[PDB]
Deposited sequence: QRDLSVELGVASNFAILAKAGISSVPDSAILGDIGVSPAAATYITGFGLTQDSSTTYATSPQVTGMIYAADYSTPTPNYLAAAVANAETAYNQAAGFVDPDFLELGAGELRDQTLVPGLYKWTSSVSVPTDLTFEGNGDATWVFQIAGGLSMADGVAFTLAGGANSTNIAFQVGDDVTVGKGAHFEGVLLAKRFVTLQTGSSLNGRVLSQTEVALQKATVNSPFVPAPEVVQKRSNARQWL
């Protein structure tokens, strides 16, 4: 019943957005666009970029387009807006007051089923087992994690009750590690590094203020409807 929605702005048009770089050990599989700013395209590595048709690039690993800060107009200003909007979201998520849960599990989320609400830790958070979100289709969850976030190899996030990963946001102060073959659901608003380890998957988006490393990793972001034109 609390509306903990986090407004992403232009950053909802990206599967992965990073300030410093994105790397892939191939083959990753990303559904949605990816972008870096203020970094140049040289900090997007392991993708085999082919530049078009000089505003964006393509890769067999990305279903969508790839954007960097040195590409042609209007890409620099589009990216600037996406990164500014992603910072405003991080801050909004970190800014909500009066948590429903404080230091749950003393930082460890083991065999948990999480009702909707605002969850805060001043520590790092680890997820050694599967994790279930239970709530309806409009329910919202925000995690405020001052430290790192780590998911053990093979753990999976499960949705129950009608829940949608568009309504799940994780704000994390320190590095995020999604373990090998683990499955994440939600929007990751990371202050520092995010690594999706070998053969992990994420339905949601990855928004980092530094670098994103993919290891044979899958990211499926929501469809972006094309603005409809008046002729």
Task: Deposited residues absent from the coordinates (by C-alpha) - done: 54, 233-241
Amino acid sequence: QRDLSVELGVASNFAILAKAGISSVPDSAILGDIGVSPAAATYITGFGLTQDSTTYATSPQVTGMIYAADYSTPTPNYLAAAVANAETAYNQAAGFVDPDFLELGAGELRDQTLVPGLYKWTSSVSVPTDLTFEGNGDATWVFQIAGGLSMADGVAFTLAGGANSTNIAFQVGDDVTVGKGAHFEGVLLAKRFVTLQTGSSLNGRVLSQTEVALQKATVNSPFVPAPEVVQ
From here on, numbers count along this sequence of modelled residues.
- [ ] Select between 43-51 and 189-197 the stretch whose C-alpha atoms have the higher average B-factor in the entry.
- [x] 43-51
Open item on the list: I need to verify one thing: averaged over C-alpha atoms only, is the B-factor higher for 78-86 or for 115-123?
Closed with: 115-123
Task: Options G173, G32, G35, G204 - largest CA temperature factor per the record - done: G173
Open item on the list: Can you tell me which of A139, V142, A160, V155 has the maximum CA B-factor listed in the PDB entry?
Closed with: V155
Task: Ranked against its chain, the third holding the CA B-factor of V230 - done: highest
- [ ] Could you look up the Cα B-factor of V6 in the entry and say which third of the chain it sits in: lowest, middle or highest?
- [x] lowest
TODO: Quick one: classify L214 as lowest, middle or highest third of the chain based on its Cα B-factor.
DONE: middle
Open item on the list: Which third, lowest, middle or highest, does the C-alpha temperature factor of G135 belong to within its own chain?
Closed with: lowest
